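Have a look at run_5.cif below; it lists mmCIF, C-alpha atoms.
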```
data_data
#
loop_
_atom_site.group_PDB
_atom_site.id
_atom_site.type_symbol
_atom_site.label_atom_id
_atom_site.label_comp_id
_atom_site.auth_asym_id
_atom_site.auth_seq_id
_atom_site.Cartn_x
_atom_site.Cartn_y
_atom_site.Cartn_z
ATOM 1 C CA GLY S 1 20.719 15.003 -15.619
ATOM 2 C CA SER S 2 22.376 11.586 -15.705
ATOM 3 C CA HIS S 3 25.365 10.000 -13.967
ATOM 4 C CA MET S 4 27.028 6.665 -13.201
ATOM 5 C CA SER S 5 24.212 4.633 -11.646
ATOM 6 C CA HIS S 6 25.758 1.487 -10.169
ATOM 7 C CA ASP S 7 23.997 -1.308 -8.282
ATOM 8 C CA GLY S 8 26.368 -2.867 -5.767
ATOM 9 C CA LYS S 9 24.189 -4.279 -2.996
ATOM 10 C CA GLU S 10 20.799 -2.563 -2.814
ATOM 11 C CA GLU S 11 17.544 -3.857 -1.331
ATOM 12 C CA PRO S 12 14.010 -4.106 -2.777
ATOM 13 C CA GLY S 13 11.073 -1.849 -1.964
ATOM 14 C CA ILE S 14 9.998 1.174 -3.993
ATOM 15 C CA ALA S 15 8.829 4.353 -2.268
ATOM 16 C CA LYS S 16 6.665 6.638 -4.407
ATOM 17 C CA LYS S 17 4.069 9.300 -3.605
ATOM 18 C CA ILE S 18 0.808 9.067 -5.548
ATOM 19 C CA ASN S 19 -2.398 11.110 -5.615
ATOM 20 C CA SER S 20 -4.889 8.570 -6.964
ATOM 21 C CA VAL S 21 -6.358 5.498 -5.270
ATOM 22 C CA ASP S 22 -6.782 3.978 -8.729
ATOM 23 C CA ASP S 23 -3.066 3.170 -8.829
ATOM 24 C CA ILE S 24 -3.390 0.651 -5.998
ATOM 25 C CA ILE S 25 -2.734 -3.094 -5.951
ATOM 26 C CA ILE S 26 -2.710 -6.023 -3.525
ATOM 27 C CA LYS S 27 1.038 -5.585 -3.050
ATOM 28 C CA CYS S 28 0.598 -1.857 -2.427
ATOM 29 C CA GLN S 29 0.951 -0.479 1.100
ATOM 30 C CA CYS S 30 -0.353 2.857 2.382
ATOM 31 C CA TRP S 31 -1.287 4.661 5.596
ATOM 32 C CA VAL S 32 -4.811 4.634 7.028
ATOM 33 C CA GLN S 33 -6.335 7.100 9.488
ATOM 34 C CA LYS S 34 -7.697 5.296 12.547
ATOM 35 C CA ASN S 35 -8.509 6.473 16.073
ATOM 36 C CA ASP S 36 -7.324 9.998 15.274
ATOM 37 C CA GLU S 37 -4.012 8.372 14.350
ATOM 38 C CA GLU S 38 -2.096 7.008 11.360
ATOM 39 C CA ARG S 39 -1.267 3.325 10.900
ATOM 40 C CA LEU S 40 0.558 1.591 8.047
ATOM 41 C CA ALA S 41 -2.015 -0.653 6.369
ATOM 42 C CA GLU S 42 -1.235 -3.126 3.588
ATOM 43 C CA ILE S 43 -3.681 -3.548 0.708
ATOM 44 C CA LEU S 44 -5.243 -6.998 0.353
ATOM 45 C CA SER S 45 -7.824 -6.537 -2.403
ATOM 46 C CA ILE S 46 -9.838 -3.990 -4.382
ATOM 47 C CA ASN S 47 -13.594 -3.523 -4.756
ATOM 48 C CA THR S 48 -14.815 -1.126 -7.445
ATOM 49 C CA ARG S 49 -18.561 -1.612 -7.001
ATOM 50 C CA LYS S 50 -19.302 1.802 -5.495
ATOM 51 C CA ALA S 51 -18.609 5.505 -6.013
ATOM 52 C CA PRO S 52 -16.212 6.132 -4.688
ATOM 53 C CA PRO S 53 -15.046 2.487 -4.721
ATOM 54 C CA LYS S 54 -13.835 0.468 -1.733
ATOM 55 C CA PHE S 55 -10.538 -1.190 -0.814
ATOM 56 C CA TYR S 56 -9.445 -3.929 1.589
ATOM 57 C CA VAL S 57 -6.683 -2.936 4.008
ATOM 58 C CA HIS S 58 -4.881 -4.907 6.716
ATOM 59 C CA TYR S 59 -3.073 -3.368 9.687
ATOM 60 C CA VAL S 60 0.417 -4.871 9.505
ATOM 61 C CA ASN S 61 0.896 -3.815 13.127
ATOM 62 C CA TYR S 62 -2.187 -5.801 14.137
ATOM 63 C CA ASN S 63 -3.580 -9.245 13.325
ATOM 64 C CA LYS S 64 -5.511 -10.225 10.197
ATOM 65 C CA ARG S 65 -8.647 -9.892 12.324
ATOM 66 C CA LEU S 66 -8.184 -6.118 12.185
ATOM 67 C CA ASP S 67 -8.304 -5.817 8.395
ATOM 68 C CA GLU S 68 -11.411 -4.304 6.803
ATOM 69 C CA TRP S 69 -12.850 -2.459 3.806
ATOM 70 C CA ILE S 70 -11.927 1.229 3.856
ATOM 71 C CA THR S 71 -12.828 4.008 1.422
ATOM 72 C CA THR S 72 -10.819 6.669 -0.406
ATOM 73 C CA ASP S 73 -11.651 9.166 2.339
ATOM 74 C CA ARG S 74 -10.134 6.638 4.742
ATOM 75 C CA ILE S 75 -6.865 6.468 2.805
ATOM 76 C CA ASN S 76 -3.865 8.696 3.518
ATOM 77 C CA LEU S 77 -2.407 10.073 0.286
ATOM 78 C CA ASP S 78 0.001 12.274 2.241
ATOM 79 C CA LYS S 79 2.447 9.502 3.134
ATOM 80 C CA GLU S 80 4.743 7.799 0.624
ATOM 81 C CA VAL S 81 3.379 4.590 -0.897
ATOM 82 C CA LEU S 82 5.195 1.248 -0.929
ATOM 83 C CA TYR S 83 5.159 -0.885 -4.077
ATOM 84 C CA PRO S 84 6.497 -4.369 -4.921
ATOM 85 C CA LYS S 85 9.759 -4.963 -6.785
ATOM 86 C CA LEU S 86 10.096 -6.671 -10.169
ATOM 87 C CA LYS S 87 13.181 -8.301 -11.681
ATOM 88 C CA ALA S 88 13.764 -10.396 -14.801
ATOM 89 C CA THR S 89 14.226 -13.979 -13.611
ATOM 90 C CA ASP S 90 14.200 -16.991 -15.934
ATOM 91 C CA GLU S 91 14.713 -19.793 -13.414
ATOM 92 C CA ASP S 92 12.898 -23.058 -12.692
#
```

Let me see the structure of the file written as structure tokens.
Amino acid sequence: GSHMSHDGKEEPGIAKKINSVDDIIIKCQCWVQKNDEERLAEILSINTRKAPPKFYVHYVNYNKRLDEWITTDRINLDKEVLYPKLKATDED
């Protein structure tokens, strides 16, 4: 199905639900289980030197001193994932 898809005045930010930690980047944001709770953590880096691998998350709600290296089992794949926006721009 297709229809008239206009633009108008929309904002950035893409919300998509994934099921694989492999599709994660530094600009990717997901939820992390901490203290029997869920907190929105933003990815900072990736470390694929283990099995499963490890990832660097940073609690946006807290300071950068809270960030750490969590594992797949520490990632919440039940909540929608936030990805960066891309647009063709040829400026200087």

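Compared by their closest atoms to residue 41 in chain S, and using only C-alpha atoms, the residues S:4, S:19, S:74, S:53 rank with S:74 nearest.
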
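Of the listed residues (S:39, S:64, S:17, S:50), S:17 comes nearest to residue 77 in chain S; the distances count all atoms listed in the file.
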
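CA of residue 60 in chain S to CA of residue 10 in chain S spans 23.9 Å [interatomic distance, one decimal].
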
May I ask for the distance between CA of residue 54 in chain S and CA of residue 16 in chain S, given in Å to one decimal place?
21.6 Å

For residue 56 in chain S, find every residue with an atom within 9 Å (counting only C-alpha atoms), except residues of its own chain fewer than 3 positions away, and show them as a list in words.
residues 26, 42, 43, 44, 45, 46, 47, 67, 68, 69, 70 and 71 of chain S

Pull range 9-80 of chain S out of the block and emit C-alpha atoms, as a PDB file, in the first residue's frame.
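File selection_12.pdb, as written:
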```
ATOM      1  CA  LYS S   9       7.754  20.008   9.095  1.00  0.00           C
ATOM      2  CA  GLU S  10       8.903  16.731  10.647  1.00  0.00           C
ATOM      3  CA  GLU S  11      11.702  16.126  13.152  1.00  0.00           C
ATOM      4  CA  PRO S  12      14.666  13.705  13.121  1.00  0.00           C
ATOM      5  CA  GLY S  13      14.985  10.500  15.123  1.00  0.00           C
ATOM      6  CA  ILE S  14      14.150   7.023  13.850  1.00  0.00           C
ATOM      7  CA  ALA S  15      12.401   4.502  16.094  1.00  0.00           C
ATOM      8  CA  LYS S  16      12.851   0.864  15.078  1.00  0.00           C
ATOM      9  CA  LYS S  17      12.660  -2.432  16.969  1.00  0.00           C
ATOM     10  CA  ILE S  18      15.539  -4.845  16.377  1.00  0.00           C
ATOM     11  CA  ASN S  19      16.395  -8.324  17.651  1.00  0.00           C
ATOM     12  CA  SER S  20      20.168  -8.402  17.167  1.00  0.00           C
ATOM     13  CA  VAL S  21      22.884  -6.549  19.081  1.00  0.00           C
ATOM     14  CA  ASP S  22      25.017  -6.739  15.940  1.00  0.00           C
ATOM     15  CA  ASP S  23      23.005  -3.900  14.402  1.00  0.00           C
ATOM     16  CA  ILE S  24      24.284  -1.408  16.974  1.00  0.00           C
ATOM     17  CA  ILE S  25      26.363   1.744  16.523  1.00  0.00           C
ATOM     18  CA  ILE S  26      27.772   4.628  18.563  1.00  0.00           C
ATOM     19  CA  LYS S  27      24.757   6.749  17.628  1.00  0.00           C
ATOM     20  CA  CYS S  28      22.384   3.944  18.617  1.00  0.00           C
ATOM     21  CA  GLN S  29      20.381   4.214  21.838  1.00  0.00           C
ATOM     22  CA  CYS S  30      18.722   1.364  23.733  1.00  0.00           C
ATOM     23  CA  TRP S  31      17.396   0.440  27.176  1.00  0.00           C
ATOM     24  CA  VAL S  32      19.532  -1.271  29.818  1.00  0.00           C
ATOM     25  CA  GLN S  33      18.343  -3.267  32.828  1.00  0.00           C
ATOM     26  CA  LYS S  34      19.805  -1.864  36.047  1.00  0.00           C
ATOM     27  CA  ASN S  35      18.749  -2.161  39.690  1.00  0.00           C
ATOM     28  CA  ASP S  36      15.714  -4.250  38.742  1.00  0.00           C
ATOM     29  CA  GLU S  37      14.731  -1.309  36.539  1.00  0.00           C
ATOM     30  CA  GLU S  38      15.021  -0.037  32.966  1.00  0.00           C
ATOM     31  CA  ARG S  39      17.055   3.023  31.985  1.00  0.00           C
ATOM     32  CA  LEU S  40      17.629   4.551  28.548  1.00  0.00           C
ATOM     33  CA  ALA S  41      21.334   4.107  27.811  1.00  0.00           C
ATOM     34  CA  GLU S  42      23.121   5.556  24.782  1.00  0.00           C
ATOM     35  CA  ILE S  43      25.779   3.498  23.006  1.00  0.00           C
ATOM     36  CA  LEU S  44      29.294   4.953  23.034  1.00  0.00           C
ATOM     37  CA  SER S  45      31.417   2.205  21.482  1.00  0.00           C
ATOM     38  CA  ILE S  46      31.548  -1.486  20.575  1.00  0.00           C
ATOM     39  CA  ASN S  47      33.929  -4.243  21.667  1.00  0.00           C
ATOM     40  CA  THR S  48      33.775  -7.551  19.797  1.00  0.00           C
ATOM     41  CA  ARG S  49      36.607  -9.360  21.578  1.00  0.00           C
ATOM     42  CA  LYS S  50      34.452 -11.855  23.475  1.00  0.00           C
ATOM     43  CA  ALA S  51      31.572 -14.290  22.982  1.00  0.00           C
ATOM     44  CA  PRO S  52      29.171 -12.880  23.351  1.00  0.00           C
ATOM     45  CA  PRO S  53      30.846  -9.512  22.642  1.00  0.00           C
ATOM     46  CA  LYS S  54      30.680  -6.396  24.818  1.00  0.00           C
ATOM     47  CA  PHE S  55      29.300  -2.887  24.323  1.00  0.00           C
ATOM     48  CA  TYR S  56      29.842   0.506  25.955  1.00  0.00           C
ATOM     49  CA  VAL S  57      26.683   2.202  27.223  1.00  0.00           C
ATOM     50  CA  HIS S  58      26.139   5.562  28.922  1.00  0.00           C
ATOM     51  CA  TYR S  59      23.144   6.440  31.095  1.00  0.00           C
ATOM     52  CA  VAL S  60      21.780   9.623  29.520  1.00  0.00           C
ATOM     53  CA  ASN S  61      19.886  10.235  32.761  1.00  0.00           C
ATOM     54  CA  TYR S  62      23.145  10.099  34.717  1.00  0.00           C
ATOM     55  CA  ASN S  63      26.645  11.515  34.259  1.00  0.00           C
ATOM     56  CA  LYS S  64      29.382  10.107  32.024  1.00  0.00           C
ATOM     57  CA  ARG S  65      30.841   8.579  35.188  1.00  0.00           C
ATOM     58  CA  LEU S  66      27.986   6.065  35.136  1.00  0.00           C
ATOM     59  CA  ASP S  67      28.747   4.632  31.697  1.00  0.00           C
ATOM     60  CA  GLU S  68      30.250   1.143  31.488  1.00  0.00           C
ATOM     61  CA  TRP S  69      30.695  -1.989  29.377  1.00  0.00           C
ATOM     62  CA  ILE S  70      27.534  -4.102  29.323  1.00  0.00           C
ATOM     63  CA  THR S  71      26.839  -7.416  27.594  1.00  0.00           C
ATOM     64  CA  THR S  72      24.058  -8.677  25.327  1.00  0.00           C
ATOM     65  CA  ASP S  73      22.300 -10.186  28.344  1.00  0.00           C
ATOM     66  CA  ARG S  74      22.405  -6.686  29.830  1.00  0.00           C
ATOM     67  CA  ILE S  75      20.697  -5.140  26.804  1.00  0.00           C
ATOM     68  CA  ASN S  76      16.930  -4.714  26.487  1.00  0.00           C
ATOM     69  CA  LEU S  77      15.733  -5.797  23.043  1.00  0.00           C
ATOM     70  CA  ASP S  78      12.106  -5.340  24.096  1.00  0.00           C
ATOM     71  CA  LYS S  79      12.082  -1.547  23.821  1.00  0.00           C
ATOM     72  CA  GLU S  80      12.227   0.350  20.527  1.00  0.00           C
TER      73      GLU S  80
END
```
